[PDB]
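[1] Pasting an experimental structure, sequence included:
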Amino acid sequence: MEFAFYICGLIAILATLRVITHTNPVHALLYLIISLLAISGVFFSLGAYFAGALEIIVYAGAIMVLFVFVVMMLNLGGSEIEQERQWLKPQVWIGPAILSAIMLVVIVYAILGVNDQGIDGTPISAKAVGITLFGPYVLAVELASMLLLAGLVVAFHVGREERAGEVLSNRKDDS
Amino acid sequence: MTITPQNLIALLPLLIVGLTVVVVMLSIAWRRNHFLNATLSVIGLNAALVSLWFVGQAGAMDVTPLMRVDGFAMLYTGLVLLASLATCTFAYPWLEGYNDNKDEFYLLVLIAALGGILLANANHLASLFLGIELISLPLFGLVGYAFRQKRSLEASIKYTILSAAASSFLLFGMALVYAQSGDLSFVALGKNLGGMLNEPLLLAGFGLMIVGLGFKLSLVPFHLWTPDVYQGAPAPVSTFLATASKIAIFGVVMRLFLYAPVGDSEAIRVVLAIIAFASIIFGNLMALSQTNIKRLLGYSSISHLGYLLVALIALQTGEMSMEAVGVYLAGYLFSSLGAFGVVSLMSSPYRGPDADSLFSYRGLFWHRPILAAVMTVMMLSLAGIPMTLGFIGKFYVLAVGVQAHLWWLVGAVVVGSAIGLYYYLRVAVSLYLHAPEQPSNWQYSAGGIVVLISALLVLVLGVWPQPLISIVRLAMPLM
Amino acid sequence: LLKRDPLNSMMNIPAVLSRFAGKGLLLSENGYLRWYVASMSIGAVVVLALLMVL
Amino acid sequence: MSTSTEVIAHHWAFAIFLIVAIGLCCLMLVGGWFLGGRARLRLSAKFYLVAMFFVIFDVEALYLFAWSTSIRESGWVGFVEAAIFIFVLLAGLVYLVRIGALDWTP
Amino acid sequence: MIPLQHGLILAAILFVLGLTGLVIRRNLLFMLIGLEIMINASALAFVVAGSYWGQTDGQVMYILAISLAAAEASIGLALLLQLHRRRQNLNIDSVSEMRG
């Protein structure tokens, strides 16, 4: 099942590469969705069934949904930036990509040299994750519940309209 | 590991802050009252303080692999609760003139206080990560609470983006150190290694963790978020993110570097030495040409965290560095508390989003002289000047640096302090000049007496620092 | 020749160098979030390179 | 695993089922295309609010997803922590009800 | 069967590409997209590290990572639509009024 892992990793790299260098954001979000699907396939190839299940249940099922909601909600089509095409120019694209490639080179130099028993089978079932998550990690789930509550409270406080109607114009500073 | 009901008494400030979070939530849902919710929040924090005393009645425990409670955790937990109490008392007059909802502020302050308590109690990588995110996200709420204002929205955007980047960097670093060593507890991060401590994977993961933590501690060159976030955010928010967030994150950083055997490495120590050197020099040089008090206090936070880092370098040699950091953190807490309290009292109420949120420290003595006296006392304390507790912390960090022969770092501290006192007593004098042009609420008086007790505390503990040293050395963690 | 003080000037060039370094270091605080993330990446690269060299 | 000669048959059946459903849909669209002959504004914030409710309660649901597998392996202490988890979850829920974020009111 | 080095290299590549998209792109929505890419790469690295040692702590860290990703992605999208409702542009270099 290592061939499936290699194919999923290669198409995940290609999908996120097309995410970085795309013009309109809807196809970028679609490529990120298939990248999350490939990452879930990687998760299934390594015995992390619950991780890939949560990847397409939540990461590819709730987060990208929220991004598509906002994109189709405020009617952005990438306009007034897609006529510039500033990221398809050497003076903007060469520098940070060189810096990130230097980061990649040094971090994969750090990756090599470590001993490797290798990825084995014996997939980690969700039952063991449930035992550990409600075992030594009681405070983890309670404080993550409070973290999600705090995020809900903040984004309700910030991202509420306080106006009326299901159609609103982009008026400057909401009158 | 299961939780015994003897371990229930050790979780008491955490559980009471969570219970007052949900009680404040149901009180907002029922009535939507400002004064009642603020009273419930401060009552919950005071009950957390007395239950921290009840924790002190019990011993030092290790509840889960996530959490260990001792005097280290007790001391920085109490600092977090008192900073949150100060934030609430400063924020009530600021929220009195607020148009939108005015209780989610208290809910987020309580949640971020709970995250700071977790960070003080954190003995795990998961607990560290969860605590820094529980500090970050209510800070996203507090900084962008006045989202109608342009500068608060800009500061919230910058803080959210850079903290998400730092959280991802730290998460990748802990992923690398978990790939190297097959455990996530602090004490087991280097147990498998043994002259082979400098593993490249573990070192790279701890470097990424250093990036993600030195963002929060405003260490260079992850320091550029600091003045924008200090300026844009509301003044009680600036108070909270100056005292409590940095105190909790530096406490969990020190517990990480103390329990893990990777602190004996001669590469992480040198990198932190370079970072502290450049942080002290850059922050003190970059607050020099500043006319806004909040930007200047952000750069001052950068310089004081550089002082904290040089105190942290000699952790494995001097054996007094934890005591020095406790004393210095108490002094910095009370000094920043008083200064940002004067800032919040003068910037209260909110007065709408179109109004200018400029402090205008010049001529402050001629209408409110007590606040000017408190502010110049805080400027004396932050400058490493005697009769103040900041000088006691400065003496402690100088002793820590000179005990382990950190001569470059000691010279950096001396040069940075000599640079710093320029703008420190420049502000302290400029608040006594004559301004060209230019209150009786009981909670405004409560904030005034809060900064008054802060000034009395820093003056007394500058002229008599023995009780603070006695209660810091009594709170000695497991070694 | 000493109606203006030379030794005062030669002891004031620490202040001149401090002011020049401050003026050159405030150029980094340009207020752009993109440069802030770029400096974050630069610092991560510097930390990783210093840890790999040492 | 690829050696137990029955679960590998189930894996082959699952993969072939997926690829032949995708191929059936592709060939149906191909048959639709080939045969037949030729001849500013903004929506709201309440949609964002309900989608954020979905994702936040979805993560607070995945915690119960993990709990429900080990509901009998864990003891009554697991029931207590899940009970206070559901209690603070319902506290946030009733907060959203009583404030008014959860209603539409056209 | 599979070396740990290949999975960690994949995670590092995804994190580096997410950082590249975070830096080179002015659109704040694309910056949040790159942030989610970096969080996904860190979570993938934690999952690979957990699966190498045969422990379920990596999946617990993955759960915490995706909880943070959900909450702060909601944070960033709420701030994004607030930015759109106030200044009517999603450009991130335009919101630079606060300078040193």
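    That came in fine, so what should we check first? Numbers count the residues shown, from 1 in each chain, chains lettered A, B, ... in the order given.
[2] quick one, helices of the chain?
    Unless you meant another one, I'm taking chain A. Per DSSP state H, chain A carries helices over the ranges A:2-20, A:25-45, A:49-54, A:64-73, A:90-111, A:126-133, A:138-158.
[3] that answer is for a different chain, and I need it for chain D
    Using DSSP H, helices in chain D cover D:7-34, D:46-69, D:76-99.
[4] Are the second one and chain B in contact anywhere?
    Right, helix D:46-69. No: remark: helix D:46-69 sits outside contact range of chain B, by Cβ under 8 Å from any Cβ of the partner chain, the gap being at least 11.7 Å. C-beta here means a position set from N, CA and C on the backbone, and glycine is covered the same way.
[5] which parts of that helix are buried?
    D:46, D:48-49, D:51-53, D:55-60, D:62-63, D:65-67, D:69 (16 or more other Cβ atoms under 10 Å in any protein chain shown).
[6] Go ahead and confirm residue B:468 touches residue B:389.
    Yes: using Cβ atoms under 8 Å, residue B:468 is in contact with residue B:389, at 7.2 Å.
[7] Quickly list what's touching both of those two.
    B:327, B:330, B:461 (Cβ atoms under 8 Å, 6 or more residues apart in numbering or on different chains).
[8] Count the neighbours of the first one for me.
    When you say that, I think you mean residue B:327. 25 (other Cβ atoms under 10 Å in any protein chain shown).
[9] Find the helix or strand that it is a member of.
    In this assignment (DSSP states H and E), residue B:327 forms part of helix B:321-346.
[10] how many neighbours does residue A:31 have?
    18.
[11] Equivalent analysis for the one 10 residues further on, please.
    Here the neighbour count serves as a burial measure; for residue A:41 (other Cβ under 10 Å) it reads 20.
[12] show me what contacts the nearest residue to it once chain neighbours are set aside?
    Take residue A:41 and drop its neighbours on the chain: the residue closest to it by Cβ to Cβ, 6 or more residues apart in numbering or on different chains is residue A:8, 3.8 Å away. Going by Cβ under 8 Å, 6+ apart, residue A:8 touches A:38, A:39, A:41, A:42, A:45.
[13] Does the last one touch residue A:7 like I think?
    No: under the contact definition of Cβ under 8 Å, residue A:45 does not touch residue A:7, with a separation of 9.4 Å.
[14] neighbour-wise, which of these two wins?
    Neighbour count, other Cβ under 10 Å: between residue A:45 and residue A:7, residue A:45 has more, with 24 against 14.
[15] and the gap between that one and residue A:104?
    To residue A:104, residue A:45 is 23 Å away according to Cβ to Cβ, to the nearest Å.
[16] Repeat that for residue A:136.
    Counting by Cβ to Cβ - residue A:136 and residue A:104 are separated by 35 Å.
[17] what does residue B:306 give?
    30 Å.
[18] Have a look at these two and say which one is more surrounded.
    A count of neighbours by other Cβ under 10 Å puts residue B:306 above the other of residue B:306 and residue A:104, at 30 against 19.
[19] Secondary structure element for the more buried one, which one?
    helix B:293-313.
[20] And that helix, what does it pack against?
    helix B:226-232, helix B:235-259, helix B:268-286, helix B:321-346, helix B:389-403, helix B:407-430 (3 or more Cβ pairs under 8 Å, 6 or more residues apart in numbering or on different chains; DSSP states H and E).
[21] Turn those into CSV, including distance to chain A.
    Below are the helices and strands packed on helix B:293-313 laid out as CSV (distance: least, Cβ to the nearest Cβ, whole Å):
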stretch, distance to chain A
helix B:226-232, 14
helix B:235-259, 13
helix B:268-286, 14
helix B:321-346, 20
helix B:389-403, 31
helix B:407-430, 26
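[22] Out of those helices, which gets nearest to residue B:3?
    helix B:235-259 (20.8 Å; Cβ to Cβ).
[23] and that closest one with helix B:268-286, angle?
    Between helix B:235-259 and helix B:268-286, the angle comes out at 160 degrees (axes from the mean of the first three to the mean of the last three Cα atoms, to 10 degrees).
[24] Now do helix B:235-259: which elements does it pack against?
    Helices and strands touching helix B:235-259, as assessed by 3+ Cβ pairs under 8 Å, 6+ apart, comprise helix B:71-96, helix B:104-120, helix B:125-143, helix B:200-216, helix B:226-232, helix B:293-313, helix B:315-318, helix B:321-346.
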